[PDB]
Amino acid sequence: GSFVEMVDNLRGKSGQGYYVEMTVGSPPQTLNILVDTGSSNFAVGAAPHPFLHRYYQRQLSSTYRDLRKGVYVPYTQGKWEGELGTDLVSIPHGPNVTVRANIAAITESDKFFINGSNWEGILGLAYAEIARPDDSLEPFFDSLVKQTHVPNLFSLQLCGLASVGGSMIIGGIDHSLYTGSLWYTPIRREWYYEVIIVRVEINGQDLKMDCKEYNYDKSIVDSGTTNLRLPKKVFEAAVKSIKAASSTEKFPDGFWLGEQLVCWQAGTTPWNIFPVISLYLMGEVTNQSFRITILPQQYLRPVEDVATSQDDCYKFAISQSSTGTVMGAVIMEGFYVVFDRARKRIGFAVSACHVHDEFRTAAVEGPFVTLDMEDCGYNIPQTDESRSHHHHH
Ligand SMILES: CC1(C)Cc2cc(Cl)ccc2C(N[C@@H](Cc2cscc2-c2cn[nH]c2)C(=O)O)=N1
Ligand SMILES: [Zn+2]
Ligand SMILES: [Zn+2]
Ligand SMILES: [Zn+2]
């Protein structure tokens, strides 16, 4: 209700996401939960694991109700699986309400929990369509809004191992967390937080692709993804351009693949040879867009290893995708991002936790007017499995 209580309620480690405290059950069990706008389950570690000291103990919650239904959730990189139920859930540093939500108690997992990350569970903030095992499992935020008078919106300020902070404001927008204008791009379809990129520039220069290539096969806003991820053709045009701009430096191929650090003497990194990247997002008005401009300090991420303490070393945090553009924590860290589910749009403003550069600034600017936007959306080939399923909503 007053966002002073919700400011600074996220923590994390670099490249391991941002988590918020939540309490589950009665009496309350406090757990650190990853904020993930890329998925739609609330799932908590619920059995011992080498990388957890803490986990949800269903047997200690007088309010736990078992749903007697399993759930299995494969990723390209690993998996989690568990038993569905419901429990009382509150956010200690969030709105002053308690709700009964679905919770998947993770009983087995592979490559999901990481050594040292400090979270024990994930909060999928995206829409029911992508929930597992299907869209009848109501996601947490849908329950929150239905059961309380919490407005149907939340906003994220992600402030860039190494430790990180920021804010998730639930039910509102806190004006102390951004400067300048807030620009909105429509949510194209409520499954992921899917948006439409209409133009891409690297140091002022247009990539000049068919704009559907930018959104092939979707573009999404995803706090659960580290990198900016780009479709193959786009990723290759982008690497070409950033290489061109930085050609005073001849890096190994591993670097461009994210597989190798590149270093300079401490304090000497030539930031000026690395270009800014502007993504122009479809505006709320037909024929308008606005751009979000990313500094090299967002996509070249420092990594401290043992054998080069007097060097600053960096990993390239743009990577190739085969499942569309993903605007991950790398993009989000520049910005205050408003998930306005009520008005089916996403807002971007320059964050009050700025990443600065010597001479340039991360920016949100518009309008830019065209001959449409454009149509730059891609229509994913409709499978027979998708076609057949009935959605009685
Ligand atoms: C949302 C989440 C946790 C989903 C996920 C499931 C699995 Cl099994 C592995 C990695 C990830 C994963 N990967 C991120 C990296 C990341 C951001 S927060 C925690 C992670 C992570 C990396 N490995 N396991 C979690 C990515 O690919 O960019 N993100
Ligand atoms: Zn607390
Ligand atoms: Zn039917
Ligand atoms: Zn359905």
Side-chain angles (χ1 to χ4, degrees), residues 1-13 17-35 39-42 44-45 52-57 60-61 67 69-73 84 87-99 101-102 104 117-146 150 154 156-159 163-171 174 177 187-194 218 341 344 380 382-393:
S2 168
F3 315 140
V4 57
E5 286 169 14
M6 311 196 232
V7 165
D8 192 50
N9 64 1
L10 313 179
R11 293 283 183 273
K13 307 257 262 56
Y18 289 82
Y19 56 81
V20 68
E21 291 193 314
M22 303 185 71
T23 69
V24 187
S26 181
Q29 306 182 38
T30 305
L31 301 148
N32 282 341
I33 302 296
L34 179 83
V35 174
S39 61
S40 304
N41 288 85
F42 179 38
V44 179
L52 295 180
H53 64 267
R54 191 160 57 167
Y55 60 83
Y56 180 44
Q57 262 147 313
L60 307 176
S61 171
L67 280 165
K69 157 101 246 150
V71 62
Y72 170 71
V73 180
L84 293 168
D87 219 332
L88 289 181
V89 185
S90 67
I91 316 191
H93 309 286
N96 193 211
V97 302
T98 293
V99 286
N102 297 126
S117 79
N118 302 309
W119 49 264
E120 296 102 19
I122 191 179
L123 179 58
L125 290 174
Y127 292 100
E129 177 152 5
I130 58 162
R132 269 123 247 263
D134 57 72
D135 71 18
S136 82
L137 203 69
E138 194 167 83
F140 174 80
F141 207 87
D142 295 60
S143 301
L144 183 66
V145 168
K146 286 164 82 321
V150 169
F154 66 88
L156 295 173
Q157 184 202 50
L158 302 191
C159 302
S163 310
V164 289
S167 297
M168 176 175 178
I169 312 302
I170 299 140
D174 183 313
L177 303 172
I187 295 175
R188 197 203 181 188
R189 167 191 159 197
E190 284 157 313
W191 61 320
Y192 302 91
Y193 289 103
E194 179 186 3
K218 59 186 163 297
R341 299 158 50 103
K344 192 183 182 166
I380 296 174
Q382 196 200 29
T383 69
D384 194 73
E385 213 265 18
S386 303
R387 187 156 44 248
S388 63
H389 284 265
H390 292 173
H391 296 94
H392 296 284
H393 322 133

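Counting begins at 1 with the first residue of the sequence. Counting starts at 1 for both ligands and their atoms, following the listed order. What you see below is based on every heavy atom in this structure, not just the backbone, and it leaves out hydrogens, waters and symmetry mates.
- Relative orientation of the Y127 and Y193 rings is tilted, given thresholds of 30° and 60° on the angle between their planes.
- For the residue pair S136 and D134, a side-chain donor N or O sits within less than 3.5 Å of a side-chain acceptor on the partner.
- For the Zn ion (ligand 4), the nearest N, O or S atom contributed by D135 is named OD2.
- When rounded to 10 degrees, the angle formed at the Zn ion (ligand 3) by NE2 (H392) and ND1 (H390) equals 120°.
- Counting only N and O atoms by type, the side chains of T30 and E21 include no donor and acceptor under 3.5 Å apart.
- The atom name of the N/O/S atom in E21 closest to the Zn ion (ligand 2) is OE1.
- For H393, the nearest N, O or S atom to the Zn ion (ligand 4) falls under 2.8 Å.
- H391 and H393 have tilted rings, their planes meeting at an angle from 30° to 60° on a 0 to 90° scale.
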